[PDB]
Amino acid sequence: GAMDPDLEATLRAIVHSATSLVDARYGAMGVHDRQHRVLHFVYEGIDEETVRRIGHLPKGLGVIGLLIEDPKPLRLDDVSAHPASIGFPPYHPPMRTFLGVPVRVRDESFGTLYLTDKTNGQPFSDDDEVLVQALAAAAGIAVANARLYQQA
């Protein structure tokens, strides 16, 4: 099923603001069920043709997985050099700098919010982290409170 439309609008807006305000080239959010299973994937910074070429959506593997069990923020300067990295699939843009956070409400997990490749070639900042966390928290509020499906 498609995401509830208000939830989707809210999540795309949160991803866009996060991406813009930390000056990331790419931004993404995975929306999960309560068991960390990826349900939806919201992103920006990649053109449609490149999206078609990559083909398959992410499974929430590699570095992204770390955000789920160690729910504190993670910054890396060369994300795919991390030993948990699965690697980029064919056609995916190479990415180096990373800032990622879990999306939570209290102790419930709702997904992940992560950004890559700060445009000045610089590492993500402390201020960037704090902002990203606040956005994630807002995202957790949206997902937790989102309208559940209803038959006509």
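Just count from 1 along the sequence shown to find any residue number.
Trainee: Is the mean CA B factor in the deposited entry higher across 61 to 69 or across 27 to 35?
Mentor: Mean CA B-factor is higher for 61 to 69.
Trainee: Name the higher of the two by mean Cα B-factor in the PDB entry, 139 to 147 versus 15 to 23.
Mentor: Comparing averages over the C-alpha atoms only gives 139 to 147.
Trainee: Going by the CA temperature factor in the entry, name the top one among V105, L115, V42, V101.
Mentor: Highest CA B-factor of the listed options: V105.
Trainee: Among the modelled residues of its chain, does the C-alpha B-factor of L7 lie in the lowest, middle or highest third?
Mentor: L7: CA B-factor falls in the lowest third of its chain.
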